[PDB]
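What follows is one structure encoded as structure tokens, with my remarks underneath.
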Amino acid sequence: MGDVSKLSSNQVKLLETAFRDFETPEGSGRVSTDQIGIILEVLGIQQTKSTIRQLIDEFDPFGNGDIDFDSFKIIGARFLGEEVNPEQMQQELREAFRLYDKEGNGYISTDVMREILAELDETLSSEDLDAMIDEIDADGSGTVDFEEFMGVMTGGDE
């Protein structure tokens, strides 16, 4: 809960960038607790100073005035949770290629693309599948991978 290893370097970038931005009283190497309530706003996590007093009371019990990156990192790690990925349970077809890749190319051949269509749309006859195959592979690369599959499965029929 909080942790430091729970933080991906992506998030630490934002942390580190804002850390140094409001950092230091006169060259301390840490970021002032008066700035913590600011950065927590810059990072869109914690609340105004009333809440920040908890943070300071917790991470700076020593009354130093400013907290090091590790202390701030724990702060970030417990509040950030900026993990809102667009490929979350979406465009899964990428990893599903190897799932359906009987042939072993990393890309699914037009043969496997056929059987995939038939499964989802059992209205496509064997010949229809072949035409779909033609229609699917937009790049004419021969194997269905990139915009072929993303365009046939997640293309937007309507």
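Every read-out reported here was derived from the displayed coordinates using simple, explicitly stated rules and does not represent laboratory data. FYI the Cβ positions are ideal-geometry reconstructions off the backbone, even for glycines, and counts take in every protein chain you see.
Annotations for the structure displayed:
- Every residue from region 58-72 that is under 19 Å from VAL4 (Cβ atoms), aromatic (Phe, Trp, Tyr) and either touching a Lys or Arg at 6+ places or on another chain (Cβ under 9 Å) or loosely packed, with under 14 Cβ neighbours inside 10 Å (or both): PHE69, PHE72
- Residue satisfying all of: in region 1-38; under 15 Å from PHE79 (Cβ atoms) and charged (D, E, K, R); surrounded by the most Cβ atoms within 10 Å (Cβ to Cβ) among these: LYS6
- Of all residues in region 46-57 being surrounded by fewer than 17 Cβ atoms within 10 Å (Cβ to Cβ) and not in a helix (DSSP H, G or I), the one that is farthest from the chain's Cα centre (by Cα): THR48
- Within region 11-33, the set of residues being without any contact (Cβ under 8 Å) to a residue 24 or more places away in the chain, assigned to a helix (DSSP H, G or I) and not basic (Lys, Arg) comprises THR17, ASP21.
- Being among the acidic types (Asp, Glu) and loosely packed, with under 12 Cβ neighbours inside 10 Å holds for only one residue in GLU41, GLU83, and it is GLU83.
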